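Numbering (the deposited numbering), first residue to last: 1 to 330. All residues carry an ideal CB built from backbone N, CA and C; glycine is no exception.
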Ligand SMILES: N=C1N=C(N)c2ccccc21
Ligand SMILES: N=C1N=C(N)c2ccccc21
Ligand SMILES: N=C1N=C(N)c2ccccc21
Ligand SMILES: N=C1N=C(N)c2ccccc21
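Here's what the structure looks like:
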């Protein structure tokens, strides 16, 4: 089996990407944030506290003839950005881009935090990290990819995120027309439940490549690129007027700037993030100070290759017995 679905930015800044997912019988289509940094498939639902729903599409299990309540099971997650959600659990049929899993755990939100309520574009999350991070208790559940893997032509999925444009998630096959050159594969540690790998270094603009090991995670659910303070300082030092703002919470720069590219290493290969990908626009409406797309990881304890980095590449999440990651230019 295979599946293929289009993923679309939620807004003009690429703050996140949504992908349509069919749940239940008859199908209920929700637009989910595919998140390689977490392992729960959770949705706004008919059970979500009414005051916490504001424009999202909801899953109604009582209208699905294949939904079954998972007795006594609950879930609760808190994310790196401070947001959270929790609820009960059903099993149901879930399809992505033509690929179907029966008996998938669908985590129905009873409560969501304000940031989720305030974002009408995201109907839930579809976690694609390793199932060891799944939060369902007392019986932990498996991700959509884990459940699908044995049925797939190849035990892989690929992320091809667009820059201010749609892109694609594929399951079970590698579209060799979607990238240029070759795919460079690199080792993954699953010990923390993430797609955790080690970049071989970086360059700023046309500058000299610095060979240095940078351990981090490939996380489609994080918007920005979070790297060590030394690396981030070296990047923003090339932008006149850029500075780290405590009040804003990161590096900001004059909106009139044209930003340098940022290169990261994958083995001997190099992925180049164009400068414009690092511009996240005015810090507040009408401001001429703009928010940077490369920020320090110092206060979060892990480096994160989020969408800013991943959307510059075609990325293979290889879920074979020994997982690996692949990156190609595109
Ligand atoms: N800060 C986040 N990191 C994620 N991987 C994620 C997923 C969904 C909401 C917020 C976040
Ligand atoms: N989307 C934009 N709106 C602007 N006024 C602008 C200036 C420079 C780059 C991108 C943009
Ligand atoms: N006013 C802008 N200046 C920019 N550099 C930019 C980027 C994206 C959206 C809006 C703007
Ligand atoms: N955390 C942020 N602070 C901002 N002013 C901003 C703009 C665009 C994306 C993310 C952020």
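Inter-stretch contact (C-beta, 8 Å, three-pair minimum) for the stretch 112 to 123 and the stretch 33 to 47: yes
Sub-8 Å separation of residue 91 and residue 70 beta-carbons: yes
Proximity test, residue 281 beta-carbon vs ligand 3 heavy atom, cut-off 7 Å: yes
Range of the contiguous alpha helix (DSSP H) that encloses residue 235: Per DSSP, residue 235 belongs to the alpha helix (DSSP H) from 229 to 236.
Closer than 7 Å: residue 7 CB and nearest ligand 1 heavy atom: Every heavy atom of ligand 1 is 7 Å or more from the Cβ of residue 7, so no.
Start-end ranges of the alpha helix (DSSP H) lying completely within the stretch 126 to 179, minimum 4 residues: Counting only runs of 4 or more, we get 144 to 148.
Check: residue 17 C-beta below 7 Å from any heavy atom of ligand 1: It does not: the Cβ of residue 17 is nowhere closer than 7 Å to a heavy atom of ligand 1.
Nearest to residue 57 (by Cα), restricted to the options 115, 45, 293: 45
Which of helix, strand or coil DSSP assigns to residue 209: coil
Alpha-carbon spacing of residue 182 relative to residue 113, whole angstroms: 42 Å
The stretch 265 to 272 contacting the stretch 186 to 202, beta-carbon criterion three pairs below 8 Å: Taking 8 Å as the limit for Cβ pairs, the verdict is that the stretch 186 to 202 does touch the stretch 265 to 272.
Separation of residue 329 from residue 180, as counted between CA atoms: One C-alpha to the other measures close to 6 Å.
Distance between residue 74 and residue 309 (C-alpha atoms, nearest Å): 34 Å
With 16 other Cβ atoms within 10 Å as the buried cut-off, status of residue 118: exposed
Environment of residue 220 [buried if 16+ CB atoms lie within 10 Å]: buried
The beta strand (DSSP E) enclosing residue 224, as first and last residue numbers: No beta strand (DSSP E) contains residue 224, which DSSP labels as neither H nor E.
Reference residue 16, options 253, 286, 53, 163, closest by Cα: 163
Distance cut-off 7 Å: residue 131 Cβ against heavy atoms of ligand 1: no
Residue 101 beta carbon near ligand 4 (any heavy atom closer than 7 Å): Placement of the Cβ of residue 101 at a distance of 7 Å or more from every heavy atom of ligand 4 is found.
Residue 249 beta carbon near ligand 4 (any heavy atom closer than 7 Å): Taking 7 Å as the cut-off, one finds at least one heavy atom of ligand 4 near enough to the beta carbon of residue 249.
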